[PDB]
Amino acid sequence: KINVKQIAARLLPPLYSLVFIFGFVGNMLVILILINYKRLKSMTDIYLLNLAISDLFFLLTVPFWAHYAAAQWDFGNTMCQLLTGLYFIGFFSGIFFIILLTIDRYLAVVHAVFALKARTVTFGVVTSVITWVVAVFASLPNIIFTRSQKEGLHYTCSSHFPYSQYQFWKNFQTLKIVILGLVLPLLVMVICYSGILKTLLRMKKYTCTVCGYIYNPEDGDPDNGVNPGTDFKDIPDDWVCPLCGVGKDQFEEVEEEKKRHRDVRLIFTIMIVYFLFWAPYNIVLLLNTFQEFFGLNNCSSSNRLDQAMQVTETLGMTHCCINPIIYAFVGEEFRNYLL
């Protein structure tokens, strides 16, 4: 193997220090705004706080990985298992809360009348604790294999799998991270945003550019054969404006009025940004462990893919300081609050 450790000792400590500062300040501001300004009045507000905590737990580990890159593992065994633990917990709960935010929006938008009954602060609180328990238990096998050890003269913090079962463990721990961190959020994204997009469209108002008439799907146009609850897009093209009598071509889409519909932009941005930072590691991890059989094992491609894993995971670690920026730009409340 090629020694990149001499290079990593120079590069990673300043990089990890910026990410820690920027990310700690950013996530802390989100937390004080949600508890003090916003005061946690919705189910959404509970999951946002918990997501902000998941980013923080993960962030606290970053100064330790920085020092370990710089020098060696000077924190000991418990610390090695704790920080590896917090890293995995912070990772799993983070994506679990991105999934819970998506499901919350699917309920508010798709099952609106039910959501009034189901979406409460206390149900959001109850589901958060369950999520944390699931995350800790998802991280637990990984914490077991992790330990501090003196290899000759230097102290290391790594996970070591039993030699007689090494391929099995690499195989299994890869599929836990890929199923939970890529596959599971992707099915949640496709299934949920299918329903959300279909509800958003079937409920879109359209205004006539000529007379100003507003077509509302809820009302329809029953005097002209258009039954209430009809997507304007589903109306036959032989239909004309009830006021000025012009065709569908002259109709323009009305900008979203419903706040619950407007909040979709934020929660979808969070998920898409998660995939930009973490889908690269997930694919390289799957390519490394498994695809060696289904691709290449060369001393070149083995060293290339292992370096690719080092890069793609540093990129993912960066994601912990990204959500505050999203809230500052896309987040409507946060925008007016700062204004």
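The first residue of the shown sequence is 1; numbering continues from there.
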* Going by the B-factors listed in the PDB entry, is the mean over the C-alpha atoms higher for 75-83 or for 156-164? -> 156-164
* Read off the CA B-factors in the entry, average them over 293-301 and over 48-56, and name the higher stretch. => 293-301
* **Residue selected from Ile98, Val134, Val264, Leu116 by maximal Cα B factor** => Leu116
* Asked: What's the residue among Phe268, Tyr215, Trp169, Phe92 with the greatest CA temperature factor in the PDB record?
  -> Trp169
* To do: Compare the C-alpha B factor of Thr312 with those of the other modelled residues in its chain, then answer lowest, middle or highest third.
  => middle
* Structure fact -> Temperature factor at the Cα of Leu40, chain-ranked in thirds, falls in the highest
* Asked: Of the three thirds of its chain by CA temperature factor, lowest, middle or highest, which one includes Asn224?
  -> highest
* To do: Sorting the chain's modelled residues by C-alpha B-factor, tell me whether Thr127 ends up in the lowest, middle or highest third.
  => lowest
* To do: Using the B-factors in the PDB entry, rank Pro185's C-alpha atom against the chain and give the third, lowest, middle or highest.
  => middle
